[PDB]
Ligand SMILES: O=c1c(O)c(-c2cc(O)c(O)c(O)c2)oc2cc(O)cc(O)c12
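In C-alpha cells, the next block holds one chain alone, the form solved without the ligand.
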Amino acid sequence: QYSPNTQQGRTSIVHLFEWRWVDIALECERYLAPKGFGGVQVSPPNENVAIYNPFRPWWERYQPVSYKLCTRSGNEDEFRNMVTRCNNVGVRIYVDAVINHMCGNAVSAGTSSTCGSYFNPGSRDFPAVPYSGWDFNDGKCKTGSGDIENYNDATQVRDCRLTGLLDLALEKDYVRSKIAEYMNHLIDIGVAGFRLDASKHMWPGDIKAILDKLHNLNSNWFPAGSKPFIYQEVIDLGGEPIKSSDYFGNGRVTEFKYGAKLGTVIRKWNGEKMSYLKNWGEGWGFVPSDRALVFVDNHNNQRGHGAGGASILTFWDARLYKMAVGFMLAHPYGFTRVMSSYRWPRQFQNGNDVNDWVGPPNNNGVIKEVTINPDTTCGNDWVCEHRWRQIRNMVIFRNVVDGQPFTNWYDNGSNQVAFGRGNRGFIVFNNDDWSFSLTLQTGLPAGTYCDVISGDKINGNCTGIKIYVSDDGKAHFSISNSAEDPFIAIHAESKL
C-alpha cells in the first residue's frame, strides 16, 4: 500500500484537478512522460450530483450518485483510454475515491446526475448502485442533528454526516463489497492506486476491511503481487482525538501540517524563518516520511476551503509558491504531489472569497479543453503549474537526486539557506530582504552547471544562470532579493 508503483526514477504525481480524460491522456504522452512525471491524480471518475445552484461547483464531484464512470471529465471508454495510454508511457493514474458518503441529504430527488441516474436522498435511494436506507449510518449516528457537531468525539466524526453528506455504513459487508466492486473495476482497468477521500470520517478498521477485498494491480503493466498505492486524506493538525497514525496500517496519509508550516515559514509569519527548516520533517512533529504524502496546497485549501487556512501558498502567490514547491521537491521528506489548477474569479469579501465554489473553465457547463500555447503554457484558464519551468525543472531535480542524503546545509540565521542532496544536487534560497552573495560547499563534482530555475540546459549551453563548481566542490552564489525567482538549483543532469 505504501509504494506509489511509479516507474523507477519518477518521484512525483500531479493533481490534474477537473481535467477531462482525453486531455490527461494527451498530456501523458506529450508532456508528463517525457518530463519525467510519475503519475496523475484524477478527479472522482464516478457519477455525481449535477448542481446548478451554484452553477456546477467543483465540490459537486464529492457527492456521489452511483459508481458509473460517467462525469464531466468523460465516460467509461474515455477513462479507460486515458489509463491505457498513460500506462503505456509509464505514467500512473491515481483515482480520487469518494467512499465515505453519497450526496447531501437535502439534495432533491430526480435525475440531476452527471449520467442521468435516478436517486432520492430523502428516502436514501440510489438504485444505480444500489443502496437503500439500510446502507447508511442514520440509525448509528447519535447527534441531535444527525450531522457531525463536535470533532472532539471521534465516534460521531465517523458515524455522522459530514455537513449533511449521507454516511455509508462501512461496517456492513454489502456496502464494503459494493465499494470494492467499484475499486476493483478501476484496478483491473489499470489504475495504480487511490486517494481515499474523507478518511478521517471512516474507521481505520472499516477502511482496512475494504482494502482486503482489493485486487493486485493489472499484471499486464505491473509486476505480480503489486498492491495499489493508498494515501488517505486525514486532516490532522494539532489536538484532535483522531490521529493520522491510526491509519498507518492501511497506507500513507496526507500530511497537512507540511504545507501549513511551509506557508507560515516562507511568509515569515510570527517570527518564523527559513533557517528553522534545518530539521524539517519528523523533527517538526510530522508523520514518518515513509507514510507521508506531501504537497504545498491541495484543491481544498488553495481556495480557503481547508487545512492550513490563510498561510497556504498557491499559484496566486506565484513568486513564493515557486520557492515553496522548490524546497518541497528538493527535500527528501515524503512522497511529493504537485498541484495543477484553473483560475477562477477570486472575490474577497470580509476576508473571504465568495467565489470559492466556481468549477473548472467551461462553456455552458461543458468543461473546456486544455489548450497549449507556443511557450508551453496553457490557455482556457488552466494554470498548469506543472508546466512552469521552475516547477517542472524541480520535478526533474527530485528524480535525479532520488536516494541521495540531505547534506551540506547552510543558513545565515535568517532566511538564506542552502543544502545539497549527496553529490547529485544543490539548492540555494534567498528569502531575506537583502542580497545573498557567498561561496558555498556544494558537494558536487567540479564543472559548469546550468541553474534550472532561471533557465535550462539546451544543447551544451545554459539559457539562464551558470554556476561554476571548483575542484573542492565550492561555488559562488549571488541572488538578489529583487530576483524574479530568489533561489538557484543545479544538479548532475544540468551539468555542462
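Don't overthink the numbering: it's just position in the shown sequence, from 1.
Just so you know, the form solved in complex with the ligand exists too; it's not on screen, but the next bit is about it.
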#### Entry: 4.5 Å heavy atom contact with the ligand in the entry with it bound for all of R421, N423 and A492
no
### Task
Would you kindly say which of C160, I266, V98, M183 lies with a heavy atom within 4.5 Å of the ligand in the entry with it bound?
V98
### Query
What is the one choice in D381, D411, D197, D138 with a heavy atom within 4.5 Å of the ligand in the entry with it bound?
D197
### in the entry with it bound, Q63 touching the ligand (heavy atom, 4.5 Å)
yes
### Query
Is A292 close enough to touch the ligand in the entry with it bound, meaning at least one heavy atom pair within 4.5 Å?
no
### Task
Answer with yes or no whether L165 is in contact with the ligand in the entry with it bound, where contact means some heavy atom within 4.5 Å.
yes
### Query
Tell me which of 394 to 402, 183 to 191, 197 to 205, 324 to 332 has residues with heavy atoms within 4.5 angstroms of the ligand in the entry with it bound?
197 to 205
